[PDB]
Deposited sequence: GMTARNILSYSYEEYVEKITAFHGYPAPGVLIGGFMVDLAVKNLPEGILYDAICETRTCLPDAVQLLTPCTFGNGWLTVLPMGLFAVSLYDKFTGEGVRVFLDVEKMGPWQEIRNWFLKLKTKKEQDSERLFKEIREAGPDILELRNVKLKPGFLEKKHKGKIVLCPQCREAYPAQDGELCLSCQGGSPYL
């Protein structure tokens, strides 16, 4: 029954939007909402930010649903490191904020803890909403130089093997024909 807006959305509006997009109101994307909300609230007002998720699970959809950063526009980067953390950072300077879960704060919340630590769901969902940002920690960060590199003006050539267009830098065949092909 606790009032828990996520950016401009009510918690119920946010649950609606995320089930629509992600397919299920997954704990990770719900918690993810609180994280992105706290992160945005701790950036300077009106700035243009990029995003980094340190896990591929759930958290990217919280970012995509709530921020202008998407996987397809490149403003969201996903580093698959298995860490339930997101950073939002100034695109010009690389200064930003990282938000992650603080298990030290999940005393009052054993369902969130059992979920987070995969220890072996109506109760879980109520807890996420009650906890809100109380299970989160924030830290100022600055991105490494490589994350703010000029993107390269690549020359497009034709792969002799599959006859598709690809960046010439990738080699004498495209990366698929080199062995990256997922297909039999």
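- No alpha-carbon coordinates exist for the deposited sequence positions 1, 122-127, given here in order along the chain.
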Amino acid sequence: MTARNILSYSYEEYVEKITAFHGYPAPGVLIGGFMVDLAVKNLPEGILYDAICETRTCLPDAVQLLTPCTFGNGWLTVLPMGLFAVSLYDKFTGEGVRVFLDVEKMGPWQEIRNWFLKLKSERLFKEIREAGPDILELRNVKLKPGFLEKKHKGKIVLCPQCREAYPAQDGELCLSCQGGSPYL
From here on, numbers count along this sequence of modelled residues.
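- The mean C-alpha temperature factor is higher for 147-155 when 31-39 and 147-155 are set side by side.
- Of the two stretches examined, 89-97 and 103-111, the record assigns the greater average C-alpha temperature factor to 103-111.
- Residue-level temperature factors show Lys126 in the middle third of its chain, judged at the C-alpha atom.
- In the deposited entry, the Cα temperature factor of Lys142 places it in the lowest third of its chain's modelled residues.
- When the CA B factors of the chain's modelled residues are split into thirds, the value for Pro133 lands in the middle one.
- For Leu48, the recorded CA B-factor ranks within the highest third of the chain. Only modelled residues enter the ranking.
- When the CA B factors of the chain's modelled residues are split into thirds, the value for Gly74 lands in the lowest one.
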